[PDB]
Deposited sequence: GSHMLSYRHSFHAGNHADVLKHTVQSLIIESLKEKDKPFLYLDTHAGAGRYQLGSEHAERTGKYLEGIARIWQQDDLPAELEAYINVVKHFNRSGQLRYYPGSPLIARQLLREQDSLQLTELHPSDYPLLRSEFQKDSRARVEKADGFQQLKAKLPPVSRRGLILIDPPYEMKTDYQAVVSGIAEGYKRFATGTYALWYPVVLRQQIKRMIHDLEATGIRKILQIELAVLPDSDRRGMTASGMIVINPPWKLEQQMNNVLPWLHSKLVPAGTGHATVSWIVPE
């Protein structure tokens, strides 16, 4: 029944892409918290909120390989402490999605705006925030939120754009969506997650992004395999517009260690570079 929901299972949750994406999300959130003034966290495609972990699930090759390491880099501590918060037993059973990363890291003065259209994931997302007055949860198109909900009343925020890329149109929708939001709120930090399945698609998306005229665009990408035309997702990345001051240095500090744990064979790459500088 709708009154007692079961958490969503996921085969993919906590994989290498989630590790990179939620690491970057947490580092941005922590930087925004360097000023007392409130900020908004806007999650265009928020998912269910958390996922129940288990074909052994990909978490065993991603989050599991890092969360208990004695030499965890300092830059990962905020992210990993959220993971630990949802797994007190010391065994990995739940992976916190981006909405719960934000729920645990945001302060009393901050706000959350979360949208999800998936008919089974949305009721779980609503349930994770039933008793959190800072959050608004809606069953609505995520790209539209970049028009309707920006700029925030607080005039500060992190906007996470992280659609499924089930439809090829997502590669276009993310760019025009960013353009709509940026025009309304040019000082926000926009973080876009993308998968590398065909490099050509990401090459075209980035070309479109440059054509918006938007400056200060950082690219962070972790590949577990070199580019292919037949291996599924070989890599994922975070494109960050208006990245916080220390983000580039943090990712240069942490990507070699992350790649050594996430990619035992040492294949692929892990890079930070500027698509468009200041």
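Undergrad: Could you please spell out the deposited residue ranges that have no C-alpha entry in the coordinates?
TA: Missing CA coords only at 55-59.
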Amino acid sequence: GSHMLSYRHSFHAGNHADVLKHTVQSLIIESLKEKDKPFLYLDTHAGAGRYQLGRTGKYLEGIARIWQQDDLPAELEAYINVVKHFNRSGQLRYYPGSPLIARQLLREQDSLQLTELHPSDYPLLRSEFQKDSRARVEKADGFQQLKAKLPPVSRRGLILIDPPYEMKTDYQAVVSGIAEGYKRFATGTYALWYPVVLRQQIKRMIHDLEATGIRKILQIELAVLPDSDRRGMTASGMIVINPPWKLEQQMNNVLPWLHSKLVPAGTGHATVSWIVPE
From here on, numbers count along this sequence of modelled residues.
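Undergrad: Using the B-factors recorded in the PDB entry, average over the C-alpha atoms of 88-96 and of 75-83, then report which stretch comes out higher.
TA: Higher mean C-alpha B-factor: 88-96.
Undergrad: Averaging CA B factors per stretch from the PDB record, which one is higher: 112-120 or 204-212?
TA: Averaged over C-alpha atoms, the B-factors run higher in 204-212.
Undergrad: Would you mind ranking residue 197 by its C-alpha B-factor against the rest of the chain and naming the third, lowest, middle or highest?
TA: It falls in the middle third of the chain.
Undergrad: Which third of the chain holds residue 164 when residues are ordered by C-alpha B factor: lowest, middle or highest?
TA: CA B-factor rank for residue 164: highest third.
Undergrad: Looking at the entry's B-factor column for C-alpha atoms only, identify whether residue 154 ranks in the lowest, middle or highest third of its chain.
TA: Middle third - that is where residue 154 ends up once the chain's C-alpha B-factors are sorted.
Undergrad: Quick check on the deposited entry: does the C-alpha B-factor of residue 221 sit in the lowest, middle or highest third of its chain?
TA: Tercile = lowest for this residue's CA B-factor.
Undergrad: What third of the chain, by the recorded C-alpha B-factor, contains residue 49?
TA: For residue 49, the deposited C-alpha B-factor lands in the middle third.
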